[PDB]
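One-letter residues, chain by chain:
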Amino acid sequence: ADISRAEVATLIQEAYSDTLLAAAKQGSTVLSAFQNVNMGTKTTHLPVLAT
Amino acid sequence: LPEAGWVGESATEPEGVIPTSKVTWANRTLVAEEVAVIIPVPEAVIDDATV
């Protein structure tokens, strides 16, 4: 007639560790690759040479 | 070399039993053997020689 781990219920109690939890985060590529134009209205018109 | 095993957690069934194992040793021998030469010469040649 043994005493099992199951028979010692919650006198044995689990620990917790956050060591795997943290995750690094990556921004937009296009915000660093190219010029960020500040806008003050929904639309801006840019003329370009066409012929 | 000895070998360890992973062990369960029971009084009832064979997974719960720590395995036995053996370390062993052996012997190596230095045995001395003789190497030799005899070189004979006339005593007159030793007297006549310049070296």
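Just above sits the structure.
Below or above, wherever it landed, is the structure these notes cover.

Conventions we followed
- Residues numbered from 1 in each chain as written, not as in the entry; some residues may be left out.
- Chains lettered and ligands numbered in written order.
- Part of a larger assembly, values for the part shown.
- Heavy atoms only, no water.
- Helix = DSSP H or I, 4+ residues; strand = E, 2+ residues; numbered from the N terminus.
- Rg over C-alpha atoms; globule rule 2.2 N^0.38 Å.
- Areas by Shrake-Rupley, 256 points an atom, 1.4 Å probe, with all protein chains shown as cover.
- Buried < 20%, exposed > 50% of the residue type's maximum accessible area, 1.4 Å probe, protein only.
- Patch = residues over 30% accessible without salt bridge, like charges linked within 9 Å, V, L, I, M, F, W, Y side chains within 5 Å.
- Salt bridge = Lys/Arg side-chain N within 4 Å of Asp/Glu carboxyl O.

Below, the discussion takes up the overall build of chain B. Secondary structure summary: chain B contains one helix and zero strands in total. The C-alpha radius of gyration of chain B comes to 34 Å, more than 25% above the 10 Å expected for a compact globule of 51 residues. Here chain B displays about 5800 Å² of accessible surface, and carbon together with sulfur accounts for 59% of that area.

On to the overall build of chain A, then. Helix and strand counts for chain A stand at one helix and zero strands. Taking 51 residues into account, the globule formula puts the C-alpha radius of gyration at 10 Å, and chain A, at 30 Å, lies well above it. For the C-alpha atoms alone, the extent of chain A along its principal axes is close to 95 × 20 × 15 Å. Of all 51 residues assigned to chain A, the portion counted as buried reaches 0%.

What follows deals with unusual backbone geometry. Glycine aside, a negative phi is what most residues show, and trans is what most peptide bonds show. Within the chain, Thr10(A) stands out as a residue other than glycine whose phi angle is a positive 60°. By secondary structure assignment, the location of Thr10(A) is in the segment before α1 (30-33).

What follows concerns the environment of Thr29(A). Along the chain, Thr29(A) falls in the segment before α1. In this structure, the C-alpha to C-alpha distance between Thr29(A) and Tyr16(A), residues 13 residues apart in sequence, is 36 Å.

Looking now at a nonpolar patch on the surface. A contiguous nonpolar surface patch, about 340 Å² in accessible area, is contributed by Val30(A), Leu31(A) and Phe34(A). Among the residues examined, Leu31(A) registers a relative accessible area of 55% and is labelled exposed.

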